[PDB]
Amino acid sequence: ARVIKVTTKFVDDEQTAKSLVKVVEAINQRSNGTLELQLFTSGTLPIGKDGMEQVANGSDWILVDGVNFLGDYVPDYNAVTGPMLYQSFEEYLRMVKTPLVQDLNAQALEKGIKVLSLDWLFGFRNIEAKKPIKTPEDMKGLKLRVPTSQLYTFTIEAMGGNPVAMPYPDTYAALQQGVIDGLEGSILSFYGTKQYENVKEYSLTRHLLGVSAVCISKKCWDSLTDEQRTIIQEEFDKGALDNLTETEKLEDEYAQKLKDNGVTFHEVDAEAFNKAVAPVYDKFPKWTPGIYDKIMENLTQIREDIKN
């Protein structure tokens, strides 16, 4: 039986990790004993940059982490996941299916990474701090934790704050010791990881979309049989779907629990933050020329169809 390590940042309480358990269950059983996927959560195995380096280098390894980690190999990914880019899940889910992004998946395959899915949404990310934010002026001074990614660092700097890059498992201690003053993330993350025990003011900037890619090494993928590739693809797709509808169901429920734990939700000057992050799109030289303009062309098209 072929052992494949599935590694992820998500703690056991988070929806993504709950969905991954079902996915591994199903894949292992459908393989009639030929595959043994093993799920490692909470960053117990390498994640982010160290995780993807394993995928890219041919390991028997599936990584479930941000789309931004694909971008260290195929730069255009960070543009497709830009700040204030999407207003809804459906906008992103459709962008992902365009030939523009399917081409990105193939550039990634040149690099040793087989992208199985970009559909593992977990929500729009907001400020989790100790003061309300209405404007970028308010952000001034705050040491805010960001994921280890240029896109997140640049975005938060552009919003007025001082980004401090670290993997999520390091956040709790950083908050306890005063190294950081807050962080950012979606409702499901906020509640799932219980950060409301440390920070009570939640400001709705909706700056980025929290979204995981699911990636397996080209070398392992190619070495499998046809039936095994079918089973793995089908089950991660069914998982993406489970994860998505659970996320849509839980956001409302969780926000109410967050309020019951003394979290106050704050509205933001949307127009201001929008003008504030616009320079982030001019901060990546390795993007293919005109990528923002082509993204916008699809996004505009996608929006028209949604209205109709």
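Numbering starts at 1 and runs along the sequence shown.
- Comparing 213-221 with 98-106, the stretch with the higher mean C-alpha B-factor in the PDB entry is 98-106.
- When the two stretches 16-24 and 291-299 are set side by side, the higher mean Cα temperature factor goes to 291-299.
- Sorting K249, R30, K257, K275 by the CA temperature factor given in the entry leaves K275 at the top.
- Across the options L244, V268, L35, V64, the residue with the most elevated CA B-factor in the record is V268.
- Per the deposited record, the Cα B-factor of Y172 falls in the middle third when ranked against the other modelled residues of its chain.
- In the PDB entry, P83 places in the middle third of its chain by CA B-factor.
- Ranked within its chain, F236 lands in the lowest third, by CA B factor from the PDB record.
- Split the chain's modelled residues into thirds by C-alpha temperature factor. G58 is in the highest one.
- Looking at the C-alpha B-factors along this chain, the one for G43 belongs to the lowest third.
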